[PDB]
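K.L.:
This is the structure alone, sequence omitted:
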Ligand SMILES: [Mn+2]
Ligand SMILES: [Mn+2]
Ligand SMILES: [Mn+2]
Ligand SMILES: [Mn+2]
Ligand SMILES: [Mn+2]
Ligand SMILES: [Mn+2]
């Protein structure tokens, strides 16, 4: 029983997520010339490209181009921006001066990176949008690259976040009033239709919204309601196993992790079957730890900050699923959300407790703060044993370990994969999408001894933390795969790539979309 | 209200403890020759003794002896084992080869140790049993020592533990399927009858079971039910003061420690009066902290692991009591179990709270993780004030302090004792039983000032941690002894001796049995 | 000025390393039958192979085979050993019984591992050699695998270490008296000649010796003298830049790191040019931190233990170089040893000091315990700018980061490589040699910003430690490569693979040999 005022706030927040619509739309130079007739949308325009692209003669045909803009192109630093005023340029806001911000994108890109460097595109547009005068304007963003998918996601990510509690926004269901409408103008008609690019951008931003949201708003219950709302609207199936039913049905892992919390844990499975014959059957599984306090293995306060992001894997997987449904991608999908709060209290699972997992394997809990692998263990067994089909590929996505950052860094999700082919394909999808990945060691024979237990089948924590920490957490999860499953298993550790110093990045959904696209 | 599946599991676990039967039986060479006619029980035999004992001519008359075994005796290292195959040796398993494992026991033994070195006996047999081929076999263990009590307990302790959650054992009420039946074969008919040695072994192993068990299985409630089950079966009295009744009846110490937990605290008192006139009246009191998270003074995770062992003193005292009832030892006994979980939550007793103990004395709580001395304070007052008799001797056993390990180590329980005579006797009982002890400083005049309080009669924590930390915890407990009590008080700190790297040792019950035997 | 007794001890230790000869020799079953005529070398024989290999009919033709050995094969556990006595088997020691120890090697091997699992081979032979009765015996080790290179190195690694200070060995220049001579018997004549396998084994063991040795013995001076000794004996060139001359010649990195120490730092370069036509040119550079106390950024004692291993990269590179010279491999080599002790005192380089590197680039020292990347920076610039040739490939090997263990674990060295091709080749060499490697993220555009400095060209420490810690250290080193260099750069982080719980592994030399072999 919550207070009435808190429950109304939660319902309104749910609705804000279910009805979320993007601020971004897409077009091309010829279509823009034709529809707008050389009238800018507002008093701000943005021009982004490489050193070489910015000097293409076609740039001179752009409606805002003049000798000041030419000088901006000369003075702008690589990775930086440079702004100039253009007097008496026609625009729909009737502004006397138009501000034109040029941004230079590097060409330097390692073999493990996206050649189009959408990371810099995001930062350039963000910086340029900080020069916005008025609210509710439309900003024309002219991009010289034709790498449409990575640019779409990059721009969706950029600028002020749709989630906000600033300046009375709490009374408007935490919908920001500071976001500018963005018109992305490609050089050529995009290889991917504009409406499809919109769906991608929408999923990136929704993912961002879910991750940014504080846990007083995004709970196990509200996340579930959001999933149910999208199921009603788009017509996909939803199965929910809630609270004590998890225990009764043998889901000891997710039950034990989540049982101390105010809001009960939930295993939420979503099903989508395309019209006609599917190219693959794929089961998605996401770590939905709505808040990771550590449990009895309580985190210090420094480390507990930003643990609202611990559901970033569930958000990624959920929004990737939504994109697939909206674009009618020809993949049969399950999406299992492992929703729990890792809370501290009298019902807390303990450091010493022995858990009977859904898989039938027993787990000695060494450290309650290694909760993610436990909920995922139940998730992947569910996906591989309990559904109406057996998947060809299982993809689990999780903000799983600190080791991930040390290993592969802030921009590359770690991949632990049982097959070379599935790994290469996910890497390729990362490089095409801009949501980059990198492999971690796959060597089960060396991971297995780290989990030896006196009394149970396994522990939940490596004996020696300095023995491939990203990999070992992946290994743990694989021990709970059903024997019925003989296909590819892709573990994605996205602990760090889901956020930066401005908040959530919406990393994961576009990665999935691109992966599905190439199956 | 627990889930139905969890409650069924708890009942089954209770029953497994109440009906626990040992895997060990005892006999002697002549009786073995006569009953088995030179046919080994299985494809494994074990031979354990000192360098000199192994070279006794009587060893050559053992049914598995041959020149390869003789060579094993030559090659085996002190404290080590050495295995050989014997071809065409008659055995009940019909194995073509019998494996004979020889183990050499040192003679070196300090004045504070058991001369028969049962510590090494345990490790030798454990190592030998790791060479077991099949399940459910009987292994003949030939021991060359006649120190029957320490060997009985040593062998009961050894090998795989009766508690297990491995390989589906959770569905069999956590009864291990990996334990071998062990036939211990002494050189001479044992000075203590085989059926009596069985009862001792049973108590060692039950104690081990209770200590090994994770706190999701062994709770304040299930521990109580187990005690009640044994009371029905053996016909001894049981008194239970439960939850809020502890507060109403003035038991502020145990109530305050346990009140935050999911399962309520309990003061459980068991009574046994022998048929004859008793040699002594003895009150046992045991720290039954089912799990020590530290309370609001929360333990870090490294330190919180194995805190399921924090009820080792209650297990020891409980199983020593059982043995006394089963063997009808002529001692009048009370056994008070101080059962609580030291949990963290909104009802947690605080660092600053002032407790009114049953004794009438007030305790200022400096640190909630010094919970044991508090529950014991109520326990010993109960024993010395509230029973139908006044004891001559109070023995409290507790996994009480980290200082214990630093002071007396992993194999020797620390003794804090108000009389030289009772101390010497408990030391002698430790040396005879193998469950060795060592004294800590008894000096109340120096302990007393460490507990000075501004507002209460005393604190629960020493001001200066480096001033006889085993002793000061003992001192605290003695301040709550009833003034009606004028007898011997033996405080046994067994923090480390109750476990090793394989889990529980079942340390304590045999110590008590031997102590009672010599009264 | 050292005491006379210490100087004599150091000279003798130097000589022990310079004259080091292996305990291992290699042959095959037919050559063994022919030379030894079915007579075992001693009272111990070892049989090692997979479950399938151990049941090959050819096993029955081995001279020690009998029904007891057959039973051993049945009873042995995967990854374990099992020993039996064989009566009246002919052997050179005239022993009445021969002990035969069987060891089972797993077939399970991930795509990132050596299929022959030499890691288990090492452990099996180690465990078998623990059953050795007498000193100075020869032990026949029958291996059922034909993977000769990885087995050679595996057996060289195994058992008791040639470095010892036990039982008066200090008086014998720390040459162990506990090492058994080992005769490795392959099924077929080895694809690599026995004398070549010996040279490999010798380098593995010498490497192990240098790493095991305490820093009171292996100093910057003695390591130098050892290199000089090998140069005189084998006829290769040696260049030494010592102490203050490092400062005068602009080697500010290695000079600053090492200048606080009792023994001066040294840049030691070795040159080998093969007879004839010109071939691949490779420059090796090794981190030779004889002891890493942390400098002014002092390590706690727990972390400072085993920092004698911090010269493992210099040892690896040195011994790989020796193997190339002994086998006359057709590669032109330089080998630069970056020798320093990272010591604490009044001359200590500081957290704030600004270093002028040999490369001309300035380094702001944030943390003196990140010393390795600094000495290596001077090393690689030396190799790529100061030699009589320019290398095609630079390989640096270093026990560089804690992040390495977290990322790629205890058995896999981390690879940071500027070219896909060179990376793949080093990986292949790891899988063939058994000295396995795994890549870490190569993404200089993301590493570069971590080293931004206010006043110098760069810092020596990442601003954010959780942003690809293995990779960033590698990146730092690459900033000091000469602009004259346009080839492949392979950075090998072997922090953890150079040791296990028994001490040094001798990891690195064989990896190099195999890499050179395939060029
Ligand atoms: Mn988490
Ligand atoms: Mn956690
Ligand atoms: Mn305690
Ligand atoms: Mn405590
Ligand atoms: Mn170092
Ligand atoms: Mn260092």
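P.N.:
That came through fine. Residues are numbered from 1 along each chain as shown, chains lettered A, B, ... in the order given. Ligands and ions are numbered 1, 2, ... in the order given.
K.L.:
What's the local residue count around residue A:318?
P.N.:
29 (other Cβ atoms under 10 Å in any protein chain shown). From N, CA and C alone the C-beta is placed, and that goes for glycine too.
K.L.:
same question but for residue A:422, I mixed them up
P.N.:
Count around residue A:422 with other Cβ under 10 Å applied: 20.
K.L.:
wait, doesn't it sit right on residue A:488?
P.N.:
Yes - judged on Cβ atoms under 8 Å, residue A:422 makes contact with residue A:488 at a distance of 3.8 Å.
K.L.:
shared neighbours of those two, which are they?
P.N.:
By Cβ atoms under 8 Å, 6 or more residues apart in numbering or on different chains, residue A:422 and residue A:488 have these common neighbours: residue A:393.
K.L.:
Any chance you could note which residues of the stretch 301-450 of chain A sit beside ligand 1?
P.N.:
Within the stretch 301-450 of chain A, the positions near ligand 1 by Cβ under 5 Å from the ion are A:310, A:372.
K.L.:
mind redoing it with 6 Å?
P.N.:
A:310, A:371-372 (Cβ under 6 Å from the ion).
K.L.:
Export those to a markdown table and append columns for neighbour count.
P.N.:
Shown next, in a markdown table, are these (neighbours: other Cβ atoms under 10 Å in any protein chain shown):
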| residue | neighbour count |
| --- | --- |
| A:310 | 27 |
| A:371 | 30 |
| A:372 | 29 |
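K.L.:
Just give me the closest of these to ligand 5.
P.N.:
residue A:372 (32.6 Å; Cβ to the ion).
K.L.:
Contact partners for the closest one?
P.N.:
Residue A:372 makes contact with A:287, A:289, A:292, A:310, A:398-400, A:473, according to Cβ under 8 Å, 6+ apart.
K.L.:
Repeat that for residue A:205.
P.N.:
Counting by Cβ under 8 Å, 6+ apart, residue A:205 has contacts A:20, A:22-24, A:156, A:162, A:506.
K.L.:
Now neighbour count, distance to residue B:62 and secondary structure too, for the residues you listed, in TSV please.
P.N.:
Listed next are those as TSV, based on neighbours: other Cβ atoms under 10 Å in any protein chain shown; distance: Cβ to Cβ, whole Å; DSSP: H, G, I helix; E, B strand; the rest coil:
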residue	neighbour count	distance to residue B:62	secondary structure
A:20	19	82	coil
A:22	20	85	coil
A:23	20	88	coil
A:24	23	87	strand
A:156	29	82	helix
A:162	22	83	coil
A:506	30	76	coil
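K.L.:
could those go into a markdown table alongside distance to chain B?
P.N.:
Formatted as a markdown table, these follow (distance: Cβ to the nearest Cβ, whole Å):
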| residue | distance to chain B |
| --- | --- |
| A:20 | 36 |
| A:22 | 43 |
| A:23 | 43 |
| A:24 | 44 |
| A:156 | 39 |
| A:162 | 36 |
| A:506 | 33 |
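K.L.:
Just the closest of those to ligand 5, please.
P.N.:
residue A:506 (39.4 Å).
K.L.:
Please name the spatially closest residue to residue A:361 (chain neighbours excluded).
P.N.:
residue A:457 (4.6 Å; Cβ to Cβ, 6 or more residues apart in numbering or on different chains).
K.L.:
Distance of the one you found relative to residue A:21?
P.N.:
48 Å (Cβ to Cβ, to the nearest Å).
K.L.:
And for residue A:97?
P.N.:
In terms of Cβ to Cβ, residue A:97 sits 31 Å off from residue A:21.
K.L.:
circling back to that earlier point, among the contacts of residue A:372, which one sits closest to residue A:77?
P.N.:
residue A:399 (34.0 Å; Cβ to Cβ).
K.L.:
Let me see the contact set for that closest one.
P.N.:
A:287, A:289, A:309-313, A:372, A:493-495, A:498.
K.L.:
Between those residues, identify the one with the most neighbours.
P.N.:
residue A:287 (34 neighbours).
K.L.:
Next up, phi/psi of it, please.
P.N.:
When read as degrees, to the nearest 10, the backbone of residue A:287 gives phi -70, psi 110.
K.L.:
For it, give me its contacts.
P.N.:
Here residue A:287 is in contact with A:310-314, A:338, A:372, A:375-376, A:379, A:396-400 (criterion: Cβ under 8 Å, 6+ apart).
K.L.:
Show me the beta-bridge partners of it.
P.N.:
Assessed by DSSP bridges, residue A:287 has beta-bridge partners residue A:338.
K.L.:
Name the nearest of the contacts of residue A:287 relative to ligand 5.
P.N.:
residue A:400 (29.2 Å).
K.L.:
so the closest one sits in a strand?
P.N.:
No - the assignment for residue A:400 is coil, going by DSSP: H, G, I helix; E, B strand; the rest coil, so no strand is present there.
K.L.:
Report the separation between it and chain C.
P.N.:
Separation of residue A:400 from chain C (Cβ to the nearest Cβ, to the nearest Å) stands at 13 Å.
K.L.:
quick one: contacts for that residue?
P.N.:
Going by Cβ under 8 Å, 6+ apart, residue A:400 touches A:287, A:313, A:372-373, A:376, A:470, A:473, A:493, A:495.
K.L.:
Could you provide those in CSV, with additional columns for distance to residue B:200?
P.N.:
Output for the contacts of residue A:400, formatted as CSV (distance: Cβ to Cβ, whole Å):
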residue, distance to residue B:200
A:287, 50
A:313, 54
A:372, 46
A:373, 43
A:376, 46
A:470, 50
A:473, 45
A:493, 52
A:495, 53
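K.L.:
Including secondary structure, could those residues go into CSV?
P.N.:
As requested, the contacts of residue A:400 are exported to CSV (three-state DSSP):
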residue, secondary structure
A:287, strand
A:313, helix
A:372, helix
A:373, helix
A:376, helix
A:470, helix
A:473, helix
A:493, strand
A:495, coil
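K.L.:
burial of the residue of the stretch 301-450 of chain A found nearest ligand 5, as a residue count?
P.N.:
The nearest approach of the stretch 301-450 of chain A to ligand 5 comes at residue A:406, 17.0 Å away (Cβ to the ion). With neighbours defined by other Cβ under 10 Å, the count for residue A:406 comes to 24.
K.L.:
show me what contacts the most far-flung residue of chain A relative to its centre?
P.N.:
Ranked by distance from the centre of chain A (Cα atoms, centre = their mean), the top residue is residue A:88, with 41.7 Å. The contact partners of residue A:88, by Cβ under 8 Å, 6+ apart, come to residue A:96.
K.L.:
Tell me the bridge partners for residue A:98.
P.N.:
Beta-bridge partners of residue A:98, counted by DSSP bridges, are residue A:86.
K.L.:
Would it be right to say that residue A:284 lies in a strand?
P.N.:
Yes - counting by three-state DSSP, residue A:284 falls inside a strand.
K.L.:
so who does it touch?
P.N.:
So residue A:284 contacts A:317, A:320-321, A:333-336, A:383, A:395-397, A:512 (Cβ under 8 Å, 6+ apart).
K.L.:
Quick check: the gap between it and ligand 1.
P.N.:
18 Å (Cβ to the ion, to the nearest Å).
K.L.:
same check, this time on residue A:93
P.N.:
46 Å.
K.L.:
quick one, strands of the stretch 351-500 of chain A?
P.N.:
Along the stretch 351-500 of chain A, counting by DSSP state E, counting those that start in this stretch, strands occupy A:354-356, A:362-364, A:393-398, A:413-417, A:437-439, A:458-459, A:488-493, A:499-500.
K.L.:
Show me where the stretch 151-300 of chain A has its helices.
P.N.:
A:194-212, A:220-234, A:244-248, A:252-258 (DSSP state H, counting those that start in this stretch).
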